[PDB]
>>> print(open('target.cif').read())   # mmCIF, N, CA, C and O atoms
data_model
loop_
_atom_site.label_atom_id
_atom_site.label_comp_id
_atom_site.auth_asym_id
_atom_site.auth_seq_id
_atom_site.Cartn_x
_atom_site.Cartn_y
_atom_site.Cartn_z
N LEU A 226 -64.13 39.45 16.24
CA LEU A 226 -63.03 39.91 15.39
C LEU A 226 -61.75 40.07 16.19
O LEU A 226 -60.67 39.71 15.71
N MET A 227 -61.84 40.61 17.41
CA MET A 227 -60.63 40.82 18.19
C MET A 227 -60.03 39.52 18.72
O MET A 227 -58.92 39.55 19.25
N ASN A 228 -60.74 38.40 18.60
CA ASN A 228 -60.19 37.09 18.89
C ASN A 228 -59.65 36.41 17.64
O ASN A 228 -58.58 35.79 17.67
N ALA A 229 -60.39 36.52 16.53
CA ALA A 229 -59.90 35.97 15.27
C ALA A 229 -58.59 36.63 14.86
O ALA A 229 -57.70 35.97 14.32
N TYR A 230 -58.46 37.94 15.12
CA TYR A 230 -57.24 38.64 14.77
C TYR A 230 -56.05 38.10 15.54
O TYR A 230 -54.98 37.86 14.97
N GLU A 231 -56.21 37.88 16.85
CA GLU A 231 -55.08 37.40 17.64
C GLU A 231 -54.74 35.96 17.27
O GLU A 231 -53.56 35.59 17.24
N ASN A 232 -55.75 35.14 16.96
CA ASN A 232 -55.46 33.77 16.54
C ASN A 232 -54.70 33.75 15.21
O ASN A 232 -53.71 33.02 15.06
N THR A 233 -55.15 34.56 14.25
CA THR A 233 -54.46 34.62 12.96
C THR A 233 -53.05 35.17 13.12
O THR A 233 -52.12 34.70 12.45
N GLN A 234 -52.87 36.16 13.99
CA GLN A 234 -51.54 36.70 14.23
C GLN A 234 -50.63 35.67 14.86
O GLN A 234 -49.45 35.57 14.51
N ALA A 235 -51.15 34.88 15.80
CA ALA A 235 -50.36 33.81 16.39
C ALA A 235 -49.94 32.80 15.34
O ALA A 235 -48.78 32.36 15.31
N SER A 236 -50.86 32.42 14.46
CA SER A 236 -50.53 31.47 13.40
C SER A 236 -49.45 32.03 12.48
O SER A 236 -48.48 31.34 12.14
N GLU A 237 -49.60 33.29 12.06
CA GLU A 237 -48.63 33.89 11.15
C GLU A 237 -47.26 34.03 11.81
O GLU A 237 -46.23 33.81 11.17
N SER A 238 -47.24 34.39 13.09
CA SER A 238 -45.98 34.48 13.82
C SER A 238 -45.31 33.11 13.91
O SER A 238 -44.09 32.99 13.76
N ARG A 239 -46.11 32.06 14.14
CA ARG A 239 -45.55 30.72 14.16
C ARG A 239 -44.96 30.36 12.80
O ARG A 239 -43.91 29.72 12.72
N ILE A 240 -45.63 30.76 11.72
CA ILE A 240 -45.16 30.41 10.38
C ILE A 240 -43.88 31.17 10.04
O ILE A 240 -42.91 30.59 9.55
N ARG A 241 -43.86 32.48 10.30
CA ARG A 241 -42.82 33.35 9.75
C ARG A 241 -41.79 33.82 10.77
O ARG A 241 -40.62 33.96 10.42
N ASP A 242 -42.18 34.08 12.01
CA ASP A 242 -41.24 34.60 13.00
C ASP A 242 -40.33 33.50 13.51
O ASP A 242 -40.77 32.37 13.76
N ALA A 243 -39.05 33.82 13.65
CA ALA A 243 -38.04 32.85 14.05
C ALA A 243 -38.02 32.69 15.56
O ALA A 243 -38.76 33.33 16.30
N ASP A 244 -37.14 31.80 16.03
CA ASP A 244 -36.90 31.59 17.45
C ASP A 244 -35.44 31.91 17.75
O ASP A 244 -34.54 31.37 17.09
N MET A 245 -35.22 32.78 18.73
CA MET A 245 -33.88 33.31 18.96
C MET A 245 -32.92 32.27 19.51
O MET A 245 -31.74 32.27 19.15
N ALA A 246 -33.40 31.37 20.37
CA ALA A 246 -32.51 30.41 21.02
C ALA A 246 -31.88 29.47 20.00
O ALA A 246 -30.65 29.29 19.97
N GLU A 247 -32.70 28.86 19.14
CA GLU A 247 -32.17 27.93 18.14
C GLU A 247 -31.25 28.65 17.16
O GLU A 247 -30.19 28.12 16.79
N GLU A 248 -31.64 29.85 16.73
CA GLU A 248 -30.82 30.59 15.78
C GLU A 248 -29.46 30.94 16.38
O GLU A 248 -28.44 30.80 15.71
N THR A 249 -29.43 31.36 17.64
CA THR A 249 -28.15 31.70 18.25
C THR A 249 -27.31 30.46 18.54
O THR A 249 -26.08 30.52 18.47
N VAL A 250 -27.95 29.33 18.84
CA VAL A 250 -27.19 28.09 19.01
C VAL A 250 -26.52 27.70 17.70
O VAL A 250 -25.32 27.37 17.66
N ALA A 251 -27.27 27.77 16.60
CA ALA A 251 -26.69 27.48 15.29
C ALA A 251 -25.60 28.48 14.95
O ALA A 251 -24.58 28.11 14.36
N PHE A 252 -25.78 29.75 15.32
CA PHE A 252 -24.77 30.76 15.05
C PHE A 252 -23.47 30.46 15.78
O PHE A 252 -22.39 30.56 15.20
N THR A 253 -23.56 30.10 17.06
CA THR A 253 -22.36 29.76 17.81
C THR A 253 -21.68 28.53 17.23
O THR A 253 -20.44 28.49 17.10
N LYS A 254 -22.46 27.51 16.87
CA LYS A 254 -21.88 26.31 16.29
C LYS A 254 -21.15 26.63 14.99
O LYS A 254 -20.01 26.19 14.78
N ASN A 255 -21.78 27.41 14.11
CA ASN A 255 -21.16 27.75 12.84
C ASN A 255 -19.94 28.64 13.03
O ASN A 255 -18.97 28.52 12.28
N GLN A 256 -19.96 29.54 14.02
CA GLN A 256 -18.79 30.36 14.30
C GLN A 256 -17.62 29.50 14.75
O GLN A 256 -16.48 29.68 14.29
N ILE A 257 -17.87 28.54 15.65
CA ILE A 257 -16.80 27.65 16.09
C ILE A 257 -16.26 26.85 14.91
O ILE A 257 -15.04 26.71 14.73
N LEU A 258 -17.16 26.33 14.07
CA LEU A 258 -16.72 25.52 12.94
C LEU A 258 -15.93 26.34 11.94
O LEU A 258 -14.94 25.85 11.38
N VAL A 259 -16.33 27.58 11.68
CA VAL A 259 -15.59 28.40 10.72
C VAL A 259 -14.24 28.81 11.28
O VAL A 259 -13.26 28.91 10.54
N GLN A 260 -14.15 29.04 12.60
CA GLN A 260 -12.85 29.30 13.21
C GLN A 260 -11.93 28.10 13.05
O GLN A 260 -10.76 28.24 12.68
N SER A 261 -12.46 26.90 13.30
CA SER A 261 -11.65 25.70 13.12
C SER A 261 -11.24 25.53 11.66
O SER A 261 -10.10 25.15 11.36
N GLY A 262 -12.16 25.82 10.74
CA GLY A 262 -11.85 25.68 9.33
C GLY A 262 -10.76 26.63 8.86
O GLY A 262 -9.86 26.24 8.12
N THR A 263 -10.82 27.89 9.30
CA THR A 263 -9.78 28.83 8.89
C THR A 263 -8.45 28.51 9.57
O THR A 263 -7.39 28.68 8.95
N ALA A 264 -8.48 28.03 10.81
CA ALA A 264 -7.24 27.58 11.45
C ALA A 264 -6.62 26.44 10.67
O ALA A 264 -5.40 26.42 10.44
N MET A 265 -7.44 25.48 10.22
CA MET A 265 -6.90 24.35 9.48
C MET A 265 -6.43 24.76 8.09
O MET A 265 -5.46 24.19 7.58
N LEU A 266 -7.10 25.73 7.47
CA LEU A 266 -6.63 26.24 6.19
C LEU A 266 -5.27 26.91 6.35
O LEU A 266 -4.37 26.73 5.51
N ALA A 267 -5.10 27.69 7.41
CA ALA A 267 -3.79 28.30 7.68
C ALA A 267 -2.74 27.23 7.92
O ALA A 267 -1.60 27.36 7.46
N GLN A 268 -3.09 26.17 8.65
CA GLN A 268 -2.15 25.08 8.89
C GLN A 268 -1.76 24.39 7.58
O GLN A 268 -0.59 24.07 7.37
N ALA A 269 -2.74 24.15 6.71
CA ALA A 269 -2.47 23.44 5.46
C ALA A 269 -1.71 24.30 4.46
O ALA A 269 -1.02 23.77 3.59
N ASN A 270 -1.84 25.63 4.57
CA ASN A 270 -1.14 26.51 3.64
C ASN A 270 0.37 26.36 3.77
O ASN A 270 1.09 26.38 2.76
N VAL A 271 0.87 26.22 5.00
CA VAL A 271 2.31 26.09 5.23
C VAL A 271 2.80 24.65 5.09
O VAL A 271 4.02 24.42 5.14
N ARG A 272 1.90 23.69 4.92
CA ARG A 272 2.30 22.28 4.86
C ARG A 272 3.32 21.98 3.77
O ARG A 272 4.31 21.29 4.06
N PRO A 273 3.17 22.43 2.51
CA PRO A 273 4.14 22.03 1.48
C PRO A 273 5.49 22.71 1.59
O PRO A 273 6.32 22.58 0.68
N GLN A 274 5.74 23.42 2.69
CA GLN A 274 7.03 24.10 2.84
C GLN A 274 8.16 23.13 3.18
O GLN A 274 9.33 23.49 3.01
N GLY A 275 7.84 21.92 3.63
CA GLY A 275 8.87 20.97 4.01
C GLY A 275 9.64 20.40 2.84
O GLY A 275 10.69 19.79 3.05
N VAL A 276 9.14 20.57 1.62
CA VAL A 276 9.84 20.03 0.45
C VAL A 276 11.15 20.76 0.21
O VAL A 276 12.11 20.17 -0.29
N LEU A 277 11.22 22.05 0.57
CA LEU A 277 12.45 22.80 0.37
C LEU A 277 13.61 22.26 1.19
O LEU A 277 14.77 22.56 0.88
N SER A 278 13.33 21.47 2.23
CA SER A 278 14.40 20.92 3.05
C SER A 278 15.30 19.96 2.29
O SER A 278 16.47 19.81 2.64
N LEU A 279 14.78 19.30 1.25
CA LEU A 279 15.57 18.38 0.45
C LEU A 279 16.03 18.98 -0.87
O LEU A 279 16.60 18.27 -1.70
N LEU A 280 15.80 20.27 -1.08
CA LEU A 280 16.23 20.93 -2.31
C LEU A 280 17.70 21.35 -2.21
O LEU A 280 18.23 21.53 -1.12
N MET B 1 29.19 -0.17 -2.87
CA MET B 1 27.90 0.50 -2.91
C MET B 1 27.37 0.58 -4.33
O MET B 1 28.13 0.73 -5.28
N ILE B 2 26.05 0.47 -4.47
CA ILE B 2 25.38 0.57 -5.76
C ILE B 2 24.75 1.95 -5.85
O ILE B 2 23.89 2.31 -5.04
N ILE B 3 25.18 2.74 -6.84
CA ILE B 3 24.77 4.13 -6.96
C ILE B 3 23.81 4.38 -8.11
O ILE B 3 23.24 5.48 -8.19
N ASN B 4 23.62 3.41 -9.01
CA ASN B 4 22.69 3.60 -10.12
C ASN B 4 21.27 3.79 -9.61
O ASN B 4 20.52 4.62 -10.13
N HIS B 5 20.88 3.02 -8.60
CA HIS B 5 19.57 3.14 -7.97
C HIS B 5 19.75 3.21 -6.47
O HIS B 5 20.51 2.43 -5.90
N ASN B 6 19.04 4.14 -5.83
CA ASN B 6 19.13 4.35 -4.39
C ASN B 6 17.85 3.77 -3.77
O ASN B 6 16.79 4.39 -3.83
N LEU B 7 17.98 2.59 -3.16
CA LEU B 7 16.80 1.88 -2.67
C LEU B 7 16.26 2.48 -1.38
O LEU B 7 15.04 2.53 -1.18
N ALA B 8 17.14 2.95 -0.50
CA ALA B 8 16.68 3.59 0.73
C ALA B 8 15.89 4.84 0.42
O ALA B 8 14.88 5.14 1.08
N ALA B 9 16.32 5.60 -0.60
CA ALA B 9 15.56 6.77 -1.02
C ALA B 9 14.17 6.37 -1.50
O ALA B 9 13.18 7.05 -1.19
N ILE B 10 14.07 5.29 -2.27
CA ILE B 10 12.76 4.84 -2.77
C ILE B 10 11.86 4.44 -1.61
O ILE B 10 10.67 4.80 -1.57
N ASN B 11 12.40 3.69 -0.65
CA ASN B 11 11.60 3.28 0.51
C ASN B 11 11.11 4.48 1.30
O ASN B 11 9.93 4.57 1.66
N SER B 12 12.01 5.43 1.56
CA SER B 12 11.63 6.62 2.32
C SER B 12 10.61 7.45 1.56
O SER B 12 9.68 8.00 2.16
N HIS B 13 10.75 7.55 0.24
CA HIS B 13 9.79 8.30 -0.56
C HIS B 13 8.42 7.65 -0.53
O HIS B 13 7.40 8.35 -0.44
N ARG B 14 8.36 6.32 -0.60
CA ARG B 14 7.08 5.63 -0.52
C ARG B 14 6.41 5.86 0.83
O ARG B 14 5.21 6.19 0.90
N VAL B 15 7.18 5.71 1.91
CA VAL B 15 6.63 5.94 3.24
C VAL B 15 6.15 7.38 3.37
O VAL B 15 5.08 7.65 3.93
N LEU B 16 6.92 8.33 2.83
CA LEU B 16 6.56 9.74 2.89
C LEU B 16 5.26 10.00 2.15
O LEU B 16 4.40 10.74 2.64
N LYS B 17 5.11 9.43 0.95
CA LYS B 17 3.91 9.71 0.17
C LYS B 17 2.67 9.13 0.84
O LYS B 17 1.61 9.76 0.85
N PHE B 18 2.79 7.94 1.45
CA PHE B 18 1.62 7.39 2.13
C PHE B 18 1.31 8.15 3.41
O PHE B 18 0.13 8.36 3.74
N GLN B 19 2.34 8.61 4.12
CA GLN B 19 2.10 9.45 5.29
C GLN B 19 1.42 10.76 4.89
O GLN B 19 0.53 11.24 5.60
N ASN B 20 1.84 11.34 3.77
CA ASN B 20 1.21 12.58 3.30
C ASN B 20 -0.24 12.34 2.91
O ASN B 20 -1.11 13.19 3.16
N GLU B 21 -0.53 11.21 2.27
CA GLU B 21 -1.91 10.88 1.94
C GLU B 21 -2.76 10.77 3.20
O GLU B 21 -3.88 11.31 3.25
N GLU B 22 -2.25 10.09 4.22
CA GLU B 22 -2.99 9.99 5.47
C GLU B 22 -3.14 11.35 6.15
O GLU B 22 -4.17 11.62 6.77
N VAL B 23 -2.13 12.21 6.03
CA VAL B 23 -2.21 13.56 6.58
C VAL B 23 -3.33 14.34 5.92
O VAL B 23 -4.11 15.02 6.59
N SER B 24 -3.42 14.25 4.59
CA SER B 24 -4.48 14.95 3.88
C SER B 24 -5.85 14.40 4.27
O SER B 24 -6.82 15.16 4.42
N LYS B 25 -5.95 13.07 4.43
CA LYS B 25 -7.21 12.48 4.85
C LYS B 25 -7.63 12.99 6.23
O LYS B 25 -8.81 13.29 6.45
N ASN B 26 -6.68 13.09 7.16
CA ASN B 26 -6.99 13.65 8.47
C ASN B 26 -7.38 15.12 8.37
O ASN B 26 -8.33 15.56 9.03
N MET B 27 -6.66 15.88 7.55
CA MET B 27 -6.86 17.32 7.49
C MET B 27 -8.21 17.68 6.90
O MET B 27 -8.86 18.64 7.35
N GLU B 28 -8.66 16.94 5.88
CA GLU B 28 -9.95 17.28 5.27
C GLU B 28 -11.09 17.10 6.26
O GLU B 28 -12.00 17.93 6.33
N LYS B 29 -11.06 16.03 7.05
CA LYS B 29 -12.10 15.82 8.05
C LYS B 29 -11.94 16.75 9.24
O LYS B 29 -12.94 17.07 9.90
N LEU B 30 -10.72 17.18 9.54
CA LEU B 30 -10.53 18.19 10.58
C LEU B 30 -11.14 19.52 10.15
O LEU B 30 -11.75 20.23 10.96
N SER B 31 -10.98 19.88 8.87
CA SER B 31 -11.58 21.11 8.36
C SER B 31 -13.09 21.00 8.32
O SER B 31 -13.80 21.93 8.73
N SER B 32 -13.62 19.88 7.82
CA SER B 32 -15.06 19.74 7.68
C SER B 32 -15.76 19.50 9.01
O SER B 32 -16.89 19.95 9.20
N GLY B 33 -15.10 18.80 9.94
CA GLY B 33 -15.72 18.50 11.22
C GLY B 33 -16.60 17.28 11.23
O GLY B 33 -17.24 17.01 12.26
N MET B 34 -16.66 16.53 10.14
CA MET B 34 -17.49 15.33 10.03
C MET B 34 -16.59 14.11 9.86
O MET B 34 -15.56 14.19 9.19
N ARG B 35 -17.00 13.00 10.47
CA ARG B 35 -16.19 11.78 10.41
C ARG B 35 -16.08 11.25 8.99
O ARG B 35 -15.02 10.78 8.58
N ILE B 36 -17.17 11.30 8.22
CA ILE B 36 -17.20 10.83 6.84
C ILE B 36 -17.60 11.99 5.95
O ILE B 36 -18.57 12.70 6.25
N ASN B 37 -16.86 12.18 4.86
CA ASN B 37 -17.12 13.27 3.92
C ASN B 37 -17.46 12.78 2.53
O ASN B 37 -18.36 13.34 1.89
N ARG B 38 -16.77 11.76 2.03
CA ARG B 38 -17.09 11.13 0.76
C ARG B 38 -17.18 9.63 0.97
O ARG B 38 -16.55 9.08 1.87
N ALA B 39 -17.98 8.97 0.13
CA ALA B 39 -18.23 7.55 0.28
C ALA B 39 -16.93 6.75 0.21
O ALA B 39 -15.94 7.18 -0.40
N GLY B 40 -16.94 5.58 0.84
CA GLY B 40 -15.79 4.72 0.95
C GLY B 40 -15.15 4.72 2.32
O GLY B 40 -14.53 3.73 2.71
N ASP B 41 -15.29 5.82 3.07
CA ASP B 41 -14.81 5.85 4.44
C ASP B 41 -15.66 4.94 5.33
O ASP B 41 -15.13 4.12 6.09
N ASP B 42 -16.98 5.09 5.24
CA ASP B 42 -17.91 4.18 5.90
C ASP B 42 -19.22 4.23 5.12
O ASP B 42 -20.03 5.14 5.33
N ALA B 43 -19.42 3.26 4.23
CA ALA B 43 -20.61 3.27 3.37
C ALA B 43 -21.88 3.06 4.19
O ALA B 43 -22.86 3.80 4.03
N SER B 44 -21.88 2.05 5.06
CA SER B 44 -23.04 1.81 5.91
C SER B 44 -23.29 2.98 6.85
O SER B 44 -24.45 3.38 7.06
N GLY B 45 -22.23 3.54 7.42
CA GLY B 45 -22.39 4.70 8.28
C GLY B 45 -22.98 5.89 7.55
O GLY B 45 -23.86 6.57 8.08
N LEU B 46 -22.52 6.14 6.33
CA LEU B 46 -23.06 7.25 5.54
C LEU B 46 -24.52 7.01 5.19
O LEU B 46 -25.34 7.94 5.25
N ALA B 47 -24.88 5.78 4.82
CA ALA B 47 -26.28 5.49 4.51
C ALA B 47 -27.17 5.68 5.73
O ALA B 47 -28.24 6.29 5.63
N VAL B 48 -26.73 5.19 6.89
CA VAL B 48 -27.50 5.37 8.11
C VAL B 48 -27.60 6.85 8.46
O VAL B 48 -28.66 7.33 8.90
N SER B 49 -26.52 7.60 8.26
CA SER B 49 -26.53 9.03 8.54
C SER B 49 -27.53 9.76 7.65
O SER B 49 -28.25 10.65 8.12
N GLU B 50 -27.58 9.40 6.37
CA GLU B 50 -28.57 10.01 5.48
C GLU B 50 -29.99 9.64 5.91
O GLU B 50 -30.90 10.48 5.85
N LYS B 51 -30.19 8.40 6.34
CA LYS B 51 -31.50 7.98 6.83
C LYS B 51 -31.93 8.83 8.02
O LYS B 51 -33.06 9.35 8.05
N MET B 52 -31.04 9.02 8.99
CA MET B 52 -31.40 9.82 10.16
C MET B 52 -31.51 11.30 9.81
O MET B 52 -32.27 12.02 10.47
N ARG B 53 -30.78 11.78 8.81
CA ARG B 53 -30.95 13.15 8.35
C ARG B 53 -32.36 13.36 7.80
O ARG B 53 -33.04 14.34 8.14
N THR B 54 -32.81 12.44 6.95
CA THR B 54 -34.18 12.51 6.46
C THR B 54 -35.18 12.42 7.61
O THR B 54 -36.19 13.14 7.63
N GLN B 55 -34.89 11.56 8.59
CA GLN B 55 -35.79 11.41 9.73
C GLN B 55 -35.90 12.71 10.54
O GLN B 55 -37.00 13.10 10.92
N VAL B 56 -34.77 13.37 10.80
CA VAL B 56 -34.82 14.59 11.62
C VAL B 56 -35.48 15.73 10.84
O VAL B 56 -36.23 16.53 11.42
N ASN B 57 -35.23 15.81 9.53
CA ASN B 57 -35.93 16.81 8.73
C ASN B 57 -37.44 16.58 8.78
O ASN B 57 -38.22 17.52 8.97
#
>>> encode(input="target.cif", output="structure tokens")
Amino acid sequence: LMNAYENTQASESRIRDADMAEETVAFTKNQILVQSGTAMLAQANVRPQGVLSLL
Amino acid sequence: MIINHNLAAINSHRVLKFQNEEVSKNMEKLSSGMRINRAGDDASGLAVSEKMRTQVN
């Protein structure tokens, strides 16, 4: 029993428990991408301001 | 001078509108971070990308 328990626990941990390295790599990638996205949104927000130059 | 129609204005407006279209095309992919976002940019590339996406999954 004390071997079946550890084997079943290992299987369940493999199924349900995450891996920190991959999760944090994805987190850093998504953080960089969202920073770039908000920077580009800020850049695009001011883009139509050039039309007033010909008004 | 002919003042009924301003041809230089029309030429500059056309160049401006196409430059703005290209600017928007650059900006959308800069925001998304992917080379192709909707079909027509690279159909074969998008199909191959979907194939490799299915493969990696």
>>> select_by_dssp(input="target.cif", residues="segment 7-49 of chain B", states="helix (DSSP H, G or I)", output="PyMOL selection string")
chain B and resi 7-32+43-49
>>> interface_residues(input="target.cif", of="chain A", to="chain B", cutoff="8 Å", atoms="only N, CA, C and O atoms", output="ChimeraX atom specification")
/A:257-266,269
>>> atom_distance(input="target.cif", atom1="atom N of residue 42 of chain B", atom2="atom C of residue 22 of chain B")
15.2 Å
>>> atom_distance(input="target.cif", atom1="atom CA of residue 46 of chain B", atom2="atom CA of residue 268 of chain A")
27.7 Å
>>> atom_distance(input="target.cif", atom1="atom O of residue 47 of chain B", atom2="atom N of residue 34 of chain B")
16.1 Å
